[PDB]
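Examination of the molecular architecture
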Amino acid sequence: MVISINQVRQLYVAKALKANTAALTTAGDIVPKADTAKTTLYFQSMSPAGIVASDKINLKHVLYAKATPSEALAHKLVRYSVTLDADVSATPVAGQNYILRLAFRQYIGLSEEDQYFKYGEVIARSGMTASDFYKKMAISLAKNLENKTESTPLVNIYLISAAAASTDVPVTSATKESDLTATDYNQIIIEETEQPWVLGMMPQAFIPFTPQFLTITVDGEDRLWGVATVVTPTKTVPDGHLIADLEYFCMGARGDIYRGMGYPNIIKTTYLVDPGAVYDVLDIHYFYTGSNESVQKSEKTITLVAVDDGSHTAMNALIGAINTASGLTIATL
Amino acid sequence: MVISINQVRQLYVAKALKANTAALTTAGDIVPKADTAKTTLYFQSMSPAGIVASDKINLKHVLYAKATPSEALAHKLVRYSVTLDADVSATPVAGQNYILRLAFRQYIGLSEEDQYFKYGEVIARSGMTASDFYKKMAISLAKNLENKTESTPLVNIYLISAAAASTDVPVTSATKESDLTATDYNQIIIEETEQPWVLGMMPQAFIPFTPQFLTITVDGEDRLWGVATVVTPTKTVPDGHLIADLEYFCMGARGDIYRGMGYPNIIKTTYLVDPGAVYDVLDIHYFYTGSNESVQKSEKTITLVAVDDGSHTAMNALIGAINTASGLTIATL
Amino acid sequence: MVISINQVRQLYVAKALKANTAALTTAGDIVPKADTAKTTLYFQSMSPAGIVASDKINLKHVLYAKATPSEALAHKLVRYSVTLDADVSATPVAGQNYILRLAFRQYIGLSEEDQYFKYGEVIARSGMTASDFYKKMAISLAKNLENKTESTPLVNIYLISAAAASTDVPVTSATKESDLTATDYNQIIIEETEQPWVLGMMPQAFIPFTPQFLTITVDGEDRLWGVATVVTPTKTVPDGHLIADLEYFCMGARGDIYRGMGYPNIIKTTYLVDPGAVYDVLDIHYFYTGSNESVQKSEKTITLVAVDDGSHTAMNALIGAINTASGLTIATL
Amino acid sequence: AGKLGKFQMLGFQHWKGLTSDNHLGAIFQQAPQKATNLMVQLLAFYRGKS
Amino acid sequence: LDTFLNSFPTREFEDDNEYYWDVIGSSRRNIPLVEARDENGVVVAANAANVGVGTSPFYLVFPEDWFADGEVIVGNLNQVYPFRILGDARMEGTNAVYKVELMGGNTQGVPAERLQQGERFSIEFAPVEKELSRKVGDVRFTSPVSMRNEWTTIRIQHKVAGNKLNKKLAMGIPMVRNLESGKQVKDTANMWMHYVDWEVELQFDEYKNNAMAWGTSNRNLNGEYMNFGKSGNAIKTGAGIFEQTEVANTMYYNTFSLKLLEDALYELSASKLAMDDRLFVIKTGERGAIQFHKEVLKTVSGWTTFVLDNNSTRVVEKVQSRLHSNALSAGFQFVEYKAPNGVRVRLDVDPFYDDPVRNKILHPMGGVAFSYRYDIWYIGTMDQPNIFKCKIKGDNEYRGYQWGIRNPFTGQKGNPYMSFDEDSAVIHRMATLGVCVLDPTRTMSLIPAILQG
Amino acid sequence: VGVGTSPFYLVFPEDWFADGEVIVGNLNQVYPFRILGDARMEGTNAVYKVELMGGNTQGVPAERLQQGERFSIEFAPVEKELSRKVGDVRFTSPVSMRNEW
Amino acid sequence: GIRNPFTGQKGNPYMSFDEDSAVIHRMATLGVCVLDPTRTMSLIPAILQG
């Protein structure tokens, strides 16, 4: 990814927290270093190549220092619950094409003027219950969206048997009617998908979508056959792929900007972010001011990352150290 | 690293051995699959992008299948034991400059005409012993070889004390005589060094040398002051770097050769070996002969690199699997 | 002693501490004044010509306010120790000229390109022990260096005995081998001297030296006989001769910058600091910031010198006053 | 057979016998040609100058 | 130092972007031996009997398949123990084993010591029959390498109050103008900016130079700079001549000798120099020149076979005095050596190696060690400057004043665009520069060990 | 002293060095100190805060930082992105001598 | 400060700050007048805002 900088941003990974400069042996170790006077602050980090230290923070020129949790940075996957509106009819209406249109705004491009429409069709028959209809519709949706041919993942279709309103019975183009032996299906959930990601070339994006229904003649009048309502998401996309591209960008500030450019004549940067983990973050904003005419500020950002075990143990001890060292009182998330 | 091929070579990492094609969940996993008639053999490996099957080995066109340990690939570092030739004098001469000349070949260039000489000088005094002389020689050698401004780690200097002829103590440009207290030193060892390695760019190479002594005047006659006896190597260079350069090359036959040529517009191959692990190898050589006129042999080989744990487990199991599947009788490590 | 200024430096002497503006009778007397709200701070010093007040210190624009004791401004006279290196020989070798060479680095011209070499020589005899060499070498050095012929005091030659090992017996050009009756002398220490000082005309400076040696022959080998090693000093040049020029310079801001140029037609300035006493110092650095667009700082210093004989009583009382008046927390020394 | 510079990334490479396009891609002799007479401009109805 | 940096040329660039160049090398090779094995595959120890005591076959292990079938290869004893390959290499991992038998008339075999690790091998030819012969042999290929370099930036500034515009000086004591040599000089100029200008230009050229020469890098092997500026960006400090050159062909001696020096120079010359281009001019101080004299003298002292004659040497000479009719003058210096096989050793003493300001480590033998330091900056010819100063074409240096109501520097009394409310001015000046050493192996440098830490 | 590009304080008897300057002791260009933060007066002794600027990771020995060490001025380096003011210039004055009858 | 990319000026006698940077500022005013709104009818859905 590329981000907007307030004149600079540095990133440092905190894999292990040590208590001395001598204990820095492994490439992810880190120490918050400050003096008893509480006048400056810096971090001693262990790099693939030797120890390094961050720019020194004047503890009187700190603008804000807040630790975000990992939950805050996980993109929630918006999901709808699609049904048929009991005002038109609580059951399918035979001979009518129950079409369903799914619009996609940020398709391959990145604008809202780059749209993409995929469809799902079901023609109803007499004796067709609602469960049978939802089954057939989810199946026709998968075959058109979750196929082995579409260049990109678009949606995750599911089914919910009212006997178990929690479990989201999944569906894919391989799934067949017989694999769905329930009779109390009551909705077609449609959830956005994690798009593919490659470090430093494909930012973590999503394709948002709205389900648009179509008309059916029920008693002589063209009427919409369903109602799409958003429900509280239940699947979140972690920040591993996000911190990783952050590093990729913020490590070209300390180091090389010619990443892989002239392939054999390059500086290969070694990165410590695992894109399969879950990091908390600790961003600290500060500035430097000069002497007696260079009073203009130079705001400079520094952020730290640390894996999350679920209880934020790594970052909590991290800042507890920074607070014992710098007098600050950052809050232990 | 470019190598010689018998018209093709392939490599597949056995990071875990399964028993079915249904257990290939994680990447690196592999199984050997052979008919019950034992007419063909192939391997189902789990690629990061999914699953694969190696070419099929017709068990009656098998040339040789041998397993290689890791000790046989760990380059053994040449040592040179250096002493005073008791023929000229068992002790130093109190006014002679004892110069040592380490001639190096295959310095930066590729050839033997790429010569390079580093020295070590010790002017000896009256009350000097052999211990003191060896100490000062090591300091002179380190300050010229084990320094922090030489582009290359040429050698590794050591000292041995007759009290512990098994323990070798290092000597760097920072070492000082006060750190060397023992009064019984009998030789100076001079090893090679693991040179810098770069996947696909800088193959594992070395720079050998000969300690060539200079003459001293002992009784009005030019005579050499020492002897350079080779001893049994003690340190090794593990094979992790060799296997990774082999994988980097052998994944350009069944894959992308434009590894980075045109940087943003590439295909990033995901290599599976850890250059910091020691692998134990298995190379099966075989060929393909066609029909009536097409009798010429297309010879082939494929390599399987599993991990070692001191004992040669993770290959004796792999070997047992291939042996029961194909009937071949391969020797265990 | 022209010093560098952060836009200005002012100095106010404190010969007595008072509680009110009505107690300022004798010159040098000073009192700190600050409103009960602790928004401004200023000093009322009794000048020789009447009461006067310092600039105003915006107490929320204080950058640093720190004190300094007398013992942290007294230049420690550095001193080597000259001996016979027991490797060459622990006794003088008969017939050899022991020519010591003291090289002087910053002689007249205020630079390192301004070098000056004084010498000292001794010819050794058979029964000459090390004690006899040390004294005879000392007398030789004293004659050459302790010259009142010399335009400058360069060095002080002293001797030490294994009996005392701390008491340094001095060796002036007046002394003679009969005055130095000890048989156990170990070394020849050489202090650097205080040079002559004149406020406004001759700033406090020093001439640094290193006792090089020349080569004697021992076994057909040219070899240095001595080893000069710095020793922990014992004597210091007190502060008075330095504060005196500090205020001689920091008074021309408050007053007359022509500190005598047309001699009869001048404003003679009366300076309260005694250049023969010791003083602790107290610097308060602050700035003046303006209104809407005039934020460009103007940094300022307020130096304060209070005689501190023995315990730092005066400056400690002064600090308690400023901290009680301004609510600051300056550290007492 | 060592590193002369500090960021020297390449090393003197050598092989014997029959080569492959892999040998040539491992010594940086194979590169993909960029089709310059080809350019996909994604299609949309651009309602921005309206 | 200025003359030193002017000894080198400049190459104008067009950017401040890292540049890299191609490094060509050498081809001819010897392949080290890994191991040898008996006919039974057993390993060959060093205290072992001969191997091919008839024309028995044995196995040679190598770290690469460099040798073809039917080729004869030889070891360290060439032409005495030939080795004919009996097939193609049965690779064991990356190691290549070969089946081999002894050619020639060898019928006692090869001793084990001639088959141990590290032994060097090579190709000789492929011998074949003249009837019913089948294919043999192969060929080989290699590839080059490259290197990098980068740049540096420097700033300076000096602030002065506005009243210094046309301020006259009384000249109580003569007013002085620091020079580059370090020599104070008496100047008549009564204005204060005359001198401010001089010192600013002076200190800036001193800035530029100390960088071009003593530039030291702050970069890491992971590619990271580690000294962060005031903005928070990284300070991208390059490396200087001495840092760039002292990575190759540098010795740190505690004791200097003509044996040490002449061996170094000759071994290097036999390897790299033709017999007609072994004239090595050495730069150093005058304390090293004396040390060269002392060493050349004792060597010539041991030349007992010849009797050195004051007639030819004129060591002692006759001068015209009044204290005597035959007055004598004694004194000589050895300023050059001439070793065997075309090696000439001359000296070129520069005072740069004697500067007592820059060099603060003193040799225990009377002087600053940097004078006891011998350097050969150009070992041979190159058709190119190996060392040059890099200059961006246009973006070389900048000048800027941010002042208030009057500018003392330019002497402008009113300001249409004021920067602040203050009777003051401050000059800002910037410059960009770089230095390049293509081949550090073409710079020999002897250095005292006291001069490293 | 100076492990991990850590800072520390050089005390001096004079304010001769500007902030943003590299100063070198006796072992020149082996241990470069970057003056960061203008000098703080400790009386007439100037105290600087420094940072090692030669990739140093092990620091500087306590023996290279004892009384008497000579310190020269190398240059003032800056980044190419948003660089603020560094450096300064210095002056000196002569003396005289006198004789009688 | 000391150089301006927008114009290409490499040094100014009238510098604004010490930092090596540059900033551009633009400012304009504007206005629209409807004399009579009653001559403009708009039939709007109640979802945009009621």
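Residues numbered from 1 in each chain as written, not as in the entry; some residues may be left out. Chains lettered and ligands numbered in written order. Part of a larger assembly, values for the part shown. Heavy atoms only, no water.

Per the deposited record, determination of this structure is attributed to cryo-EM, with the resolution reported as 3.01 Å.

A few words now on the overall build of chain G. A count of helical and extended segments in chain G gives 0 helices and 0 strands. A compact globule built from 50 residues would reach a C-alpha radius of gyration of about 10 Å, whereas chain G, at 24 Å, exceeds it by more than 25%. Referenced to the eigenvectors of the C-alpha coordinate spread, the extents of chain G come out at roughly 60 × 30 × 15 Å. Per-residue burial over chain G gives 16% buried out of 50 residues. Just so you have it, chain G exposes about 4700 Å², and 62% of that area is on carbon and sulfur atoms. (Helix = DSSP H or I, 4+ residues; strand = E, 2+ residues; numbered from the N terminus. Rg over C-alpha atoms; globule rule 2.2 N^0.38 Å. Buried < 20%, exposed > 50% of the residue type's maximum accessible area, 1.4 Å probe, protein only. Areas by Shrake-Rupley, 256 points an atom, 1.4 Å probe, with all protein chains shown as cover.)

What follows is about the side chain of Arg-429 of chain E. All names here are of chain E. Residue position: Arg-429 is located in strand β27 (residues 424–437). For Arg-429, a relative accessible area of 7% gives the class buried. Engagement of the side chain of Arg-429 in a polar contact is seen with the side chain of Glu-201, the distance being 3.2 Å. The contact partners of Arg-429, leaving out residues within four places of it in the chain, are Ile-154, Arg-155, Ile-156, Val-200, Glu-201, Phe-204, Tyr-398 and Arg-399. (Polar contact = N/O pair within 3.5 Å; in protein donor to acceptor, adjacent residues only side chain to side chain. Contact = heavy atoms within 4.5 Å.)

What follows is about the environment of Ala-277 of chain B. Residue and element names in this part refer to chain B. Turning to its location among the elements, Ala-277 is positioned in the loop between α2 (240–250) and β20 (279–289). Measuring from C-alpha to C-alpha, the distance between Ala-277 and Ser-291 comes to 44 Å, with 14 residues separating the pair along the chain. With residues up to four places along the chain from it excluded, the contact list for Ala-277 reads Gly-240 and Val-307.

Attention now goes to the interface of chain C and chain F. Contacts between chain C and chain F engage 19 residues on the former and 11 residues on the latter. Between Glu-112 of chain C and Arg-70 of chain F there is a salt bridge, with its nearest N and O atoms 3.4 Å apart. Mapped by element, the contributors of at least two residues to the side of chain C that touches chain F are β7 (62–68), β8 (75–76) and β20 (279–287) of chain C. With 5 residues, β7 of chain C is the largest single contributor of residues to the side of chain C that touches chain F. (Salt bridge = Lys/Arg side-chain N within 4 Å of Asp/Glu carboxyl O.)

A few words now on the pairing of strand β10 (residues 97–104) of chain B. Residue and element names in this part refer to chain B. Of all 8 residues in β10, 8 are buried; the element is thus mostly enclosed. With burial as the criterion, each face of β10 is covered, one bearing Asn-97, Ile-99, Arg-101 and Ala-103 and the other bearing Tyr-98, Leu-100, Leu-102 and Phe-104. Where β10 and strand β11 (residues 116–123) come together, 8 bridges link them in antiparallel fashion. In the strand pairing of β11, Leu-102 is matched with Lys-118. One ladder, built from 5 bridges, connects β10 with strand β15 (residues 209–213); its direction is antiparallel. In the strand pairing of β15, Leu-100 is matched with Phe-213. (Pairing = 2+ DSSP bridges.)

Next up on the list: the pattern of salt bridges. Summed over all chains, the structure comprises 58 salt bridges over all chains. For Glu-293 of chain A, the salt bridge is made with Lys-159 of chain E, and the minimal N-O distance between the two is 2.9 Å. Residue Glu-293 of chain A is found in the loop between β20 (279–289) and β21 (297–307), and its partner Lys-159 of chain E is found in strand β13 (residues 152–161); the two belong to separate chains. Judged by its relative accessible area of 26%, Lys-159 of chain E is partly exposed. Taking the shortest distance from any N to any O, the salt bridge between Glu-191 of chain C and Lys-235 of chain C comes out at 3.6 Å. Here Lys-235 of chain C lies in the loop between β18 (229–231) and β19 (236–237) and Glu-191 of chain C lies in strand β14 (residues 185–192), a separation of 44 residues in the sequence.

Time to look at the arrangement of the chains. When the 16 pairs of chains in contact are compared, the highest contact count belongs to chains E and F. You won't find any contact between chain C and chain G; their C-alpha atoms come no closer than 11 Å. For the non-touching pair chain D and chain G, the nearest C-alpha separation works out to 18 Å.

Another aspect to go through is the sheet that holds strand β15 (residues 209–213) of chain A. Residues and elements named next belong to chain A. With respect to topology, 3 strands assemble into an open sheet ordered β11-β10-β15, the strand pairing being antiparallel. Each having just a single partner strand, β11 (116–120) and β15 make up the two edges of the open sheet. Across this sheet, the average inter-strand angle for adjacent strands is 25°, counted without regard to direction. Examined bridge by bridge, strand β10 (residues 100–104) and β11 share 5 bridges and lie antiparallel to one another. If you follow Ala-103 over to β11, its bridge partner there is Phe-117. Against the sheet, helix α2 (residues 130–145) contacts β10 and β11, and its axis sits at roughly 140° relative to β11. (Axes fitted to C-alpha atoms, helices over the stretch in contact; angles between N-to-C directions.)

Another aspect to go through is the interface of chain F and chain E. Listed per partner, the contact involves 45 residues of chain F and 50 residues of chain E. In this structure, the salt-bridge partner of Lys-230 of chain E is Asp-19 of chain F, at a minimum N-O distance of 3.3 Å. Residue assignment for the side of chain F that touches chain E shows that the elements contributing at least two residues are β3 (32–35), β5 (46–52) and β6 (72–75) of chain F. Tallying contributions element by element places β6 of chain F first for the side of chain F that touches chain E, with 4 residues.

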